[PDB]
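Only one structure is covered here, and it is reproduced in the block below.
Every residue, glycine as well, gets a Cβ built from its backbone with ideal geometry; the counts of neighbours run over all protein chains shown. Read-outs: derived from the displayed coordinates by stated rules, not from any lab.
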Amino acid sequence: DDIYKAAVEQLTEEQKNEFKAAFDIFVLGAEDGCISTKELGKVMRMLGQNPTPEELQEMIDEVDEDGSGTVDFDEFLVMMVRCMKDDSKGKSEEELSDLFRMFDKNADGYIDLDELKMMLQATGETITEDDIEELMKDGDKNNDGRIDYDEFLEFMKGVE
Amino acid sequence: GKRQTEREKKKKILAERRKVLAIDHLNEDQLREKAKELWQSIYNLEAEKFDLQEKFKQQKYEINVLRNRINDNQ
Amino acid sequence: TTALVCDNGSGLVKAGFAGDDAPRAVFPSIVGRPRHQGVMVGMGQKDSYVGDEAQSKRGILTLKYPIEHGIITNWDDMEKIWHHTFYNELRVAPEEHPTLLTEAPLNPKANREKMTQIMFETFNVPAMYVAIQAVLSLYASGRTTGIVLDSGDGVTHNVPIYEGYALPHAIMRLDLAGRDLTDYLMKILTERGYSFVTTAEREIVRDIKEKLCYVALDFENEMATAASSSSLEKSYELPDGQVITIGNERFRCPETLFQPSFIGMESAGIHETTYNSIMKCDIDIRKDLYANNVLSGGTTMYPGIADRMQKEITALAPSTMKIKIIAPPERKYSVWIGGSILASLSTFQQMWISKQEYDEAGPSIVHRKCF
Amino acid sequence: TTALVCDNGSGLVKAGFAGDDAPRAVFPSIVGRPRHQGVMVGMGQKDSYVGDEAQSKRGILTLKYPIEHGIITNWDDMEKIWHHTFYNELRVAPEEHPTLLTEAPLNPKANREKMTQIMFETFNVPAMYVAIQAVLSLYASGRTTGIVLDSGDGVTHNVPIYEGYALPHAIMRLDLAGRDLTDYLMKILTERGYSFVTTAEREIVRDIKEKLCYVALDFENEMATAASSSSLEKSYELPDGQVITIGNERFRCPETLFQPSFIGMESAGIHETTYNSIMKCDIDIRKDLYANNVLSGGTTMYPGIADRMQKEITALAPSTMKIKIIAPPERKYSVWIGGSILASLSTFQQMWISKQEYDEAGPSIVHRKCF
Amino acid sequence: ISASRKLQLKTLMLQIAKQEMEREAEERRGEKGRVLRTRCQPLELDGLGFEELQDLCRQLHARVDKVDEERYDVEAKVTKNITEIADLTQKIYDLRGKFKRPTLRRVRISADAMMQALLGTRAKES
Ligand SMILES: Nc1ncnc2c1ncn2[C@@H]1O[C@H](COP(=O)(O)OP(=O)(O)O)[C@@H](O)[C@H]1O
Ligand SMILES: Nc1ncnc2c1ncn2[C@@H]1O[C@H](COP(=O)(O)OP(=O)(O)O)[C@@H](O)[C@H]1O
Ligand SMILES: [Ca+2]
Ligand SMILES: [Mg+2]
Ligand SMILES: [Mg+2]
């Protein structure tokens, strides 16, 4: 997901040029200029790793939102780093659940966005009102005006 | 009777917690020690009851969460 | 605050807050433990499904009613049913609500005393009161006289009342009711080939009885007609297909009410125990009881019973008296509607058995002035 | 640590670590001693080639499966197969990994007890658990009800499950499976001139069956069509040339599943033992079992079986019920995927048979609470 | 917006919530000790006649009885509450679980090993 987008944003032109040269060397002779789902799967089977074609479709849907089955530079790096899924288990569940439950200081079962605002003021990361709005949209799936506990699980799912 | 059993069980726990307070034969320091034992028991029960209160507040909020999710699960 | 008008019944528990028109939650009173082994892990399988949940998983349960004939035979299961009723079907803690249970006439004392002891110790209600199931059904009709035949699912009882003064020497309680009709229907269905044995299939036979059976106006003529034509054979689709066709079993199942010799019972039918209950009354209130005969309870919902009963009583009674049978369309919940009306009265507000009174006299308080 | 989800099977051993999508190593379970004399010295000739190595040197070996029908008939060879599976195909010592074997229903006890004794004494695992091969296939489908027909290569068994409660009285185990179909195909190929006799050529006939045979939607029409036209004759190249042409042997080999009278077996086909297994269940869960019929196992991979079986059951079943046949594309490894899911559960983590428990009660611990 | 900033927000919120909950728990412990010492009051009556000592002993035995009865009733009630909470949790899970089965992947072996295996001998720098 956008996890790999964050990971590659952590990465720099070193990884960009390294994978560009790897493309120049191994994808040499391919008429694509990118890596296709079928090409990637066949090459993996050639080397020995045999992921499912359903995984190919999933990954292509993820990185290549347009459904072309190719990999644009940013989504290409995202797909390439997607193979190495070192970070799993998504931090802790129950302790973070307690943290989120106490986040509802009003304890009404409703997480006001203003509590999030205060916590972000504590964080102070470079963010505008539209940014936190978009993040809440990514979190407030049912659009109930709060952070739902199930949606709290959803947006922090797999998140370390 | 299961409810008879519960009432009798709580009464028996009460009876067990009642120690033999036959101490007048003892000297002043020993009586002070016994009073300290009772005091420590009371303070420990105070800590236990405080934990009960905070955990019951958490239980109530989590039951609110449960009811909210019940509403969500229509 | 508001009062909880619960009504244990036997077959359907009906409950709801006082002052409404219909019970809030109506669900069968069955508690069924699973009987097979169970191989899926973590499926979240409970140890006992009660109420309406066990009417959906009844394929792998062994349903067993906790109330046999008015009396309660399995106190743990009844406590479980009450706990479910309070907490999940109404979601009101009992610590803040008076309760008004209902009880059949002529029941064992120990049943009533245990009921009040449970309500005061386990659920810890503020105050509870136990009322006879027929007086409420008389409340709901808006009358003040009349002889009410409350043919429930457990027990059929016939309480005559005049001007508000109940006649305790004229109560005729008979133990034939809907459950025996279900068993007899399940027993006569075997004459065509359909065998229902499992305690789960008793529910299917009950559904057949509810949807198809009717009371014949004249029994011999119907028996002759069903044996020549085929205009009566109505079909019904089981929960898996294989439709069945019920012939003259349709009006033979509920005929047991008027001829209890079918299931081997000695006593006379519900058409003659009402007349006997009237004749035990004084000679000057028989006309009013004749004119205000009231029907209630679930089992009196058979299509065509309010005419058969009137014909029978008119045959028995003197020719001059007018026989009228009150059969309101809201028959099933008549007892509960009457219970709501009684609990909503201001004059009744001081008859509750307050908890301090129970603490001073023990569970035997119910037989005392607070009846 | 991680658990080893082994699955002995009969014909293909499938193994891999818990929590993945597909087994790591899949290889035939055959152990073949050489049969000729051998003249080259120092060639490094071993005394028994097991697993996939003996499918390449099968020209001079005598392959013999160590598992006949679910049960294990040759314990030394099975021990050799397990040793190979642990050390060479996975390269993980068993001293540091729990194991989850699988076993067909209704198998002899001694087989299971010997299996656990071997796993605890020879390989010395920390803890092992034995599970019925059908419950896993139900796990993999993500259901919790349904009747699963797991037609493996050794034995075909049909376990119905509802709401997680298995019905032990409705398991119908039939011993017709892929191996008997291979033998019958090898027997009907002789009607054209091709004779396969050697135990090595049974593998060639198995390959023919896998690549060419299909299940006919209607048997008589196909028999009539194949006897007039020639649109069915598909050819196949043996491991040395001399192509062969299979005519109406294509759909006659797998037809034995629905008419076990072909190989002389008395019982009814897999289309009628499923209906019988359903009809033994209670009357209220038959609709759910009808709607959630699950297929699994290798032999249910014939092209066109999910339609023939549905047509047959729809013919047998009542006309109102909906018949649906779940045939996931990952049928072959369904049991192992389910095994991985079950081993990955947290609720299941305390059901393993810990070694100290075995030391206290002996191998008969498997029949006890830890099933 | 960018995803890196969103991940930074996520981890910062993790830290903020954890620290606030921890500080709240610390305050709860401090106030617990403070209020309980304010409730359980130490005494000092040494050297006194054993009559007064025994009167204090009986008073405190009764006090022990009262505190035990109250706290044990409260604990029983809280255990009942926790049991009911677990029942509701199981009910809500059964209503909204099932699909809740996670999936684990070991197919995604280390990507550097994949690059090495593909490039074969030429797998020198990648
Ligand atoms: N519409 C109906 N037609 C015929 N019989 C019915 C009908 N509804 C309910 N019954 C019978 O009445 C019984 C329910 O009676 P009910 O009045 O609920 O008993 P209780 O007095 O215990 O509440 C059922 O068991 C059923 O056999
Ligand atoms: N694609 C296929 N088409 C037809 N039959 C197959 C196919 N794949 C496997 N089989 C049959 O199924 C058998 C393998 O079944 P399997 O599920 O491995 O048995 P087990 O339950 O012992 O693992 C093989 O012997 C073969 O006869
Ligand atoms: Ca909030
Ligand atoms: Mg009634
Ligand atoms: Mg198998």
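Odds and ends about this structure:
- Residue in the range C:7-18 that is within 13 Å of another protein chain (Cβ to nearest Cβ) and assigned to a loop (DSSP other than H, G, I, E, B) present: no
- Qualifying position, being within 16 Å of ligand 5 (Cβ to nearest atom) and within 14 Å of another protein chain (Cβ to nearest Cβ), among D:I161, D:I171, D:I147: D:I171
- Whichever residue in the range D:78-102 is free of Cβ contacts under 8 Å to residues at least 40 places away in the same chain and out of contact with any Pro (no Cβ under 9 Å at 6 or more places or on another chain) and, among such residues, is surrounded by the fewest Cβ atoms within 10 Å (Cβ to Cβ): D:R91
- Qualifying positions in the range A:121-148 - within 14 Å of ligand 3 (Cβ to nearest atom) and at negative phi: A:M136, A:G139, A:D140, A:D144, A:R146, A:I147, A:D148
- Within the range C:23-138, strands (runs of 3 or more DSSP E) holding 1 or more residues that are more than 25 Å from C:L345 (Cα to Cα), within 13 Å of another protein chain (Cβ to nearest Cβ) and among the small types (G, A, S): C:31-34
- Every residue from the range A:107-133 that is more than 12 Å from chain E (Cβ to nearest Cβ) and closer than 12 Å to A:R146 by Cα: A:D108, A:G109, A:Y110, A:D112, A:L113, A:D114
- Here the condition is being away from ligand 5 (no atom under 16 Å from the Cβ), out of contact with any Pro (no Cβ under 7 Å at 6 or more places or on another chain) and farther than 29 Å from A:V8 by Cβ; of A:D86, A:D104, it holds for A:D104 alone.
- Positions within the range C:12-40 being at positive phi and either in contact with a strand residue (DSSP E or B) (Cβ under 6 Å, 6 or more places away or on another chain) or within 16 Å of ligand 2 (Cβ to nearest atom) (or both), in sequence order: C:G38
Okay, residues lined up against (1) more than 16 Å from the chain's Cα centre (by Cα); (2) under 26 Å from D:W352 (Cα atoms); (3) away from ligand 1 (no atom under 16 Å from the Cβ):
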position: D:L4; (1), (2), (3): yes, yes, yes
position: D:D7; (1), (2), (3): no, yes, yes
position: D:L12; (1), (2), (3): no, yes, yes
position: D:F17; (1), (2), (3): yes, yes, yes
position: D:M43; (1), (2), (3): yes, no, yes
position: D:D47; (1), (2), (3): yes, no, yes
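- Scan of the range A:59-74 for residues that are in a loop (DSSP other than H, G, I, E, B) and more than 23 Å from A:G158 (Cα to Cα), ordered by number: A:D66, A:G67, A:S68, A:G69, A:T70, A:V71, A:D72
- Condition check for A:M84: over 26 Å from E:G97 (Cα atoms) and either within 16 Å of ligand 2 (Cβ to nearest atom) or under 21 Å from the mean Cα position of the chain (by Cα) (or both): yes
- E:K100 being within 14 Å of chain D (Cβ to nearest Cβ) and surrounded by fewer than 12 Cβ atoms within 10 Å (Cβ to Cβ): yes
- Pair list, Cβ < 9 Å and 6+ apart or interchain, from the range C:65-77 residues that are without any contact (Cβ under 8 Å) to a residue 60 or more places away in the chain and closer than 15 Å to C:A110 by Cα to residues that are within 12 Å of ligand 1 (Cβ to nearest atom) and not in a loop (DSSP other than H, G, I, E, B): C:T73/C:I67; C:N74/C:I67
- Number of positions in the range D:263-293 that are touching a residue at least 60 places away in the same chain (Cβ under 8 Å) and more than 14 Å from chain C (Cβ to nearest Cβ): 9
- Residues that are under 16 Å from D:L176 (Cα atoms), outside any loop (DSSP other than H, G, I, E, B) and among the hydroxyl-bearing types (S, T, Y), drawn from the range D:269-317: D:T273, D:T274, D:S296, D:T299, D:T300
- Hey, D:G59 within 27 Å of D:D21 (Cα to Cα), of a type outside the set (A, V, I, L, M) and surrounded by fewer than 22 Cβ atoms within 10 Å (Cβ to Cβ) or not: no
- Close contacts from the range B:10-31, counting a first residue that is within 26 Å of E:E69 (Cα to Cα) and more than 7 Å from chain E (Cβ to nearest Cβ) and a second that is of a type outside the set (D, E, K, R) and surrounded by fewer than 14 Cβ atoms within 10 Å (Cβ to Cβ), with Cβ to Cβ under 7 Å and a gap of 6+ residues or different chains, come to none at all.
- Within the span defined as the range C:190-210, every residue fails to be touching a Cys at 6+ places or on another chain (Cβ under 8 Å) and under 17 Å from C:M309 (Cα atoms).
For every residue, the table says whether it meets (1) at negative phi; (2) loosely packed, with under 14 Cβ neighbours inside 10 Å; (3) in contact with a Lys or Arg (Cβ under 9 Å, 6 or more places away or on another chain).
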site: D:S235; (1), (2), (3): yes, yes, no
site: D:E266; (1), (2), (3): yes, yes, no
site: D:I270; (1), (2), (3): yes, no, no
site: D:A291; (1), (2), (3): yes, no, yes
site: D:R308; (1), (2), (3): yes, no, no
site: D:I337; (1), (2), (3): yes, no, no
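- Evaluated against (1) part of a loop (DSSP other than H, G, I, E, B); (2) within 20 Å of the chain's Cα centre (by Cα); (3) surrounded by fewer than 17 Cβ atoms within 10 Å (Cβ to Cβ), D:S231 falls short on exactly one condition, (2).
- All of A:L56, A:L77 fail the test of being in contact (Cβ under 8 Å) with a residue 40 or more places away in the chain, in contact with a helix residue (DSSP H, G or I) (Cβ under 6 Å, 6 or more places away or on another chain), more than 10 Å from every other protein chain (Cβ to nearest Cβ) and outside any loop (DSSP other than H, G, I, E, B), apart from A:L77.
- Matching entry among A:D98, A:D66 (being without any contact (Cβ under 8 Å) to a residue 60 or more places away in the chain and more than 16 Å from ligand 3 (Cβ to nearest atom)): A:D66
- Residue among E:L36, E:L48, E:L60 that is among the hydrophobic types (A, V, I, L, M, F, W, C), farther than 10 Å from B:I42 by Cα and facing chain B (nearest Cβ under 9 Å): E:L48
- Answer residue from the range D:193-222, given it is β-branched (V, I, T) and surrounded by fewer than 17 Cβ atoms within 10 Å (Cβ to Cβ) and is nearest to ligand 2 (Cβ to nearest atom) among those: D:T199
- All positions within the range D:227-266 that are in contact with a helix residue (DSSP H, G or I) (Cβ under 7 Å, 6 or more places away or on another chain) and either over 17 Å from D:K209 (Cβ atoms) or among the aromatic types (F, W, Y) (or both): D:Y236, D:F251, D:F258, D:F262
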